[PDB]
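Down below is the structure, laid out as structure tokens.
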Amino acid sequence: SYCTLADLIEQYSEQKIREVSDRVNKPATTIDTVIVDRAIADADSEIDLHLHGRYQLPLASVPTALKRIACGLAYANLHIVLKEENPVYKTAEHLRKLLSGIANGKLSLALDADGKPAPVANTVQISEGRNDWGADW
Amino acid sequence: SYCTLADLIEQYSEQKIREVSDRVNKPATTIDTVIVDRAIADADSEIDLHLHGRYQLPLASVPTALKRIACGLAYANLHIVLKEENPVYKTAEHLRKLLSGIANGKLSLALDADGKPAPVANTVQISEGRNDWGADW
Amino acid sequence: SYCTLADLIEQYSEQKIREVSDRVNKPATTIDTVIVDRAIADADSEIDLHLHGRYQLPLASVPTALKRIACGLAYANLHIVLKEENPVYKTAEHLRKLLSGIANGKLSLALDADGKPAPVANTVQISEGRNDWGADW
Amino acid sequence: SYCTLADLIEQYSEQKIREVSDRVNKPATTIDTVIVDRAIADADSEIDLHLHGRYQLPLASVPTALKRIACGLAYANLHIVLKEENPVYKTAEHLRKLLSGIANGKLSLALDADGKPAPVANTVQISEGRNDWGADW
Amino acid sequence: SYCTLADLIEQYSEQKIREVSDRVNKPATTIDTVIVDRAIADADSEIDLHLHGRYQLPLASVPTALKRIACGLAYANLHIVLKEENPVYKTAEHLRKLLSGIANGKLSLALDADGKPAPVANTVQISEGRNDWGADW
Amino acid sequence: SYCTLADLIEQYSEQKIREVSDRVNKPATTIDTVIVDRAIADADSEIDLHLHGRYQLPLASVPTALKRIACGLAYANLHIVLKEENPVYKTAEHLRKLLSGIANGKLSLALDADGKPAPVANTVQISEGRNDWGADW
Amino acid sequence: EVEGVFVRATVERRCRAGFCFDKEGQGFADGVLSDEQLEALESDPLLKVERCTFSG
């Protein structure tokens with residue numbers, strides 16, 4: 001859960017979330033929590049797809065850039081039909097580009113609140129090191 | 001916090017900040033501090049994403065170029081819908097290009113007020129150096 | 001402070017500075033010193049970003065080319081909205097090209113009034129030189 | 001001072017200099033000497049930027065080609081707004097191309113009145129030359 | 001002085017020289033000798049810029065091709081405003097191409113009246129030649 | 001003098017030479033010999049520029065191809081203003097292409113009347129040849 | 001006291017503007033300022049050099 005309904009409302013205003021989330025009432029009246037939850041879950045799943053090879057999956061903290069990316073992807077997911085030239089689609093593409101840059105080691109995952117994220121041990125591995133005759137015998 | 005509400009007002013005039021920040025009153029009357037704070041936080045998170053590999057994260061001082069970049073990104077983030085040909089989008093792209101140039105070691109992070117920034121110790125690492133028989137025995 | 005309000009007025013006439021600096025009175029009446037100061041500071045910050053790797057930051061003197069570049073960038077910064085085909089934007093791009101050429105060692109930073117600038121000691125570094133047996137023993 | 005007000009008047013006629021230099025009177029009446037001086041100084045600063053790596057800065061004499069280049073750049077600088085397709089801009093670009101060709105060693109700086117310019121000692125440097133045993137001992 | 005006022009009149013007719021040289025009388029009445037002299041001097045300066053690396057500067061004789069090139073460049077210089085598609089500009093570009101070809105050693109500077117020009121001693125230089133033991137001892 | 005006024009009249013008819021040579025009478029009445037002489041001299045100078053590196057300058061005979069090239073260039077020179085799409089300009093360009101092909105050793109300079117031209121001794125040079133011990137001693 | 005003076009009408013390389021020409025300036029063997037410029041200005045003499053005690 002890198003973003004919440006509060007984050008979506010704050011980033012896109014409550015009116016737009018209501019309009020793109022209420023599918024049964026015309027005009028919209030309330031925000032459907034289930035739809036928003038599914039959209040946020042899908043955004044988190046995509047982000048994990050991008051970040052699985054460099055960091056641990058169950059992150060204990062959410063970096064701020066991760067919050068922005070999740071909010072953007074979740075909003076893009078709340079559109080049933082999304083054309084290519086829709087600006088929301090372009091924002092989603094830019095965020096996906098940021099994610100790909102992070103995955104390819106060109107961008108670093110920033111601070112969460114004060115501490116660093118938790119990188120995986122992929123680079124750590126070395127055989128073991130056999131150096132007998134060099135132990136001050 | 002590389003930029004503040006005062007910086008945004010000074011760079012873009014208080015009227016524009018009021019217009020792009022007040023989402024509940026039409027016409028706008030007051031500047032929403034929470035929305036501006038979130039936009040500035042998102043800009044800072046992106047900048048940290050770009051600068052994590054060359055400098056320490058919790059910078060004790062804010063370089064002036066960093067202030068300009070943060071102000072531009074924060075203003076670009078205050079737009080719910082941002083098209084490709086919007087000039088604010090072009091300014092954001094130019095600032096992102098500046099950030100990428102800094103990350104790739106083509107531009108240096110300037111002075112904060114009088115002293116240099118604090119680069120990370122990434123380049124410092126060397127094995128240790130074994131040079132016995134050369135210590136004036 | 002590579003340029004001042006006097007330089008901006010001289011280069012772009014006082015009327016244009018008044019028009020692009022006074023944001024609260026319509027029609028403009030006075031030049032806002034704070035806005036001009038911030039624009040000049042931003043121009044100086046960008047120039048330092050470009051020049052940090054070849055010269056000392058706190059320059060004791062301002063080369064004339066640096067004055068022209070700072071004036072152009074400061075004027076470009078005084079525009080809240082700047083489109084791509086605006087001639088001021090093109091002038092800013094040309095000045096940025098000059099700065100990049102200086103940074104990449106294709107252009108030299110000229111005389112300030114009569115003396116040379118102060119290049120950094122980046123190229124000076126050599127190990128030390130061990131040449132015993134060659135000291136006229 | 002590679003060019004003077006007399007040179008600008010001779011090259012572009014006094015009417016055009018008056019029109020592009022008098023900013024306070026409409027129609028123009030007199031030529032503003034301060035504005036012309038600043039434009040000429042900026043042209044000289046750019047030319048020095050281009051010529052610093054091959055010749056001494058404080059040239060004791062002004063080559064004729066340098067006079068033409070300075071006049072063109074100074075006239076181009078007297079325009080507050082200069083579009084891309086303006087012929088004066090094209091002339092400035094051609095002169096800048098000439099300057100770049102000079103800097104890259106494809107064109108030589110011509111005679112001033114009768115004698116050569118003063119190239120810098122950049123190419124002169126050699127170590128010193130150790131050739132004992134070859135001094136007719 | 002590779003060309004004179006007589007050469008310009010002969011090549012472009014006296015009417016055109018009068019029209020492009022008289023800037024104070026409308027319609028033109030007389031040819032301004034000072035303006036023509038400055039234009040010819042500028043053409044000569046450009047030609048010397050192109051020819052300094054292969055021949056001596058103060059040429060004692062003027063090759064005919066040099067006369068044609070100087071006349072063309074001088075006429076092109078007498079236009080205050082010269083657009084890209086103006087045929088005179090195209091002629092100037094062709095002459096500059098001829099000059100560049102001469103400089104790059106693809107064209108030779110022709111006869112002046114009966115004798116060759118005076119090439120510089122740039123290619124002559126060789127060390128000296130140490131060939132003792134081969135002097136018929 | 002690779003071509004004469006008779007050659008120009010024969011190639012382009014006397015009417016066209018009169019029209020492009022008489023600049024003072026409207027309609028034209030007579031052919032100006034001085035203008036034609038200057039145009040022919042300029043054509044010869046360009047041709048010598050192209051042919052100086054392969055043949056002697058003061059040719060004792062004029063090859064026929066040289067006559068055609070000189071006539072074409074001289075006619076092209078008699079036009080004060082010559083646009084790019086003018087067919088005479090295209091003919092001049094083709095003749096210049098022929099000259100360049102001759103210079104680059106792709107075309108040979110043909111017979112003058114019955115004998116060959118006089119190539120320069122550029123290729124002849126060899127050191128001298130030291131072959132003692134091979135002289136039937 | 002300063003040790004270092006050149007008072008034999010001797011020649012030294014002093015650079016005025018784009019060139020270095022004969023002239024006598026600092027002409028001292030001790031330096032506390034303008035060292036980088038002094039090196040170019042304090043090129044050891046071309047001709048006879050003799051030192052004195054200015055004690056300035």
Using θ = phi - 60° and the Karplus form 6.51 cos²θ - 1.76 cosθ + 1.60, what ³J(HN,Hα) does each residue of region D:63-71 get, whole Hz, x for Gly and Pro?
x, 4, 4, 5, 4, 4, 4, 5, 4
Do you know the relative contact order of chain B, to the nearest whole percent, from alpha carbon pairs under 8 angstrom that are 6+ apart?
26 percent
Rounded to the nearest 20 debye, what is the charge dipole size of the protein assembly as shown about its Cα centre when +1 sits on each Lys and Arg Cβ and -1 on each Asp and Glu Cβ?
2800 debye
Taking only Cα atoms of region A:1-66, radius of gyration then Dmax in Å:
14.0, 45
Sequence-distant or interchain residues sharing an amide H contact under 5 Å with A:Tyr55, placed H: which?
A:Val120
How many percent of DSSP beta bridges within the protein assembly as shown run antiparallel, rounded to 5?
100 percent
Exceeding the 29 Å Cα-Cα cut-off - candidates B:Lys106/D:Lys116; A:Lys16/B:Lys83; C:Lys26/C:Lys83
B:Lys106/D:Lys116
Would you mind working out the magnitude of the charge dipole of region C:72-111 relative to its Cα centre, with +1 at each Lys and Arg C-beta and -1 at each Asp and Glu C-beta, to the nearest 20 Debye?
120 debye
So the FRET efficiency between A:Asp48 and A:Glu128, C-beta based with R0 = 35 Å and rounded to 0.05, is 0.65
Rg and Dmax [Cα atoms of region A:75-136; Å; Rg one decimal, Dmax integer]:
21.4, 71
Please compute the average number of Cβ atoms from other chains found within 10 Å of each residue's Cβ in peptide B:47-56.
5
Rg over Rh of the protein assembly as shown, using C-alpha atoms and the Kirkwood radius, what does it come to?
1.06
Residues whose placed amide H lies under 5 Å from that of G:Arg13, excluding near-sequence neighbours:
G:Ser43
Between region D:117-137 and region D:5-77, the Cα center-to-center distance that results, in Å:
42 Å
So what's the net charge close to E:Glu19: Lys and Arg +1, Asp and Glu -1, counting the other residues with Cβ under 15 Å from its Cβ?
+2
Convex hull (Cα only) mean projected area of chain C, reported in nm² to one decimal:
11.7 nm²
Within a 10 angstrom radius of each residue's Cβ in D:59-66, how many Cβ atoms of other chains show up on average? Whole number is fine.
4
Can you work out the Karplus-derived ³J(HN,Hα) for every residue in region A:3-13? Use 6.51 cos²θ - 1.76 cosθ + 1.60 with θ = phi - 60°, whole Hz, and x for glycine or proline.
9, 10, 4, 4, 4, 4, 4, 5, 6, 10, 6
When the dipole is taken about the Cα centre of region A:37-137, and only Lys, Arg (+1) and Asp, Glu (-1) are charged at their Cβ, what size is it in debye, to the nearest 20?
380 debye
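All Cβ positions, even for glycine, are placed from backbone atoms using ideal geometry, and neighbour counts span all protein chains on display. All of the numbers you see were taken from the coordinates with simple rules; none came from a lab.
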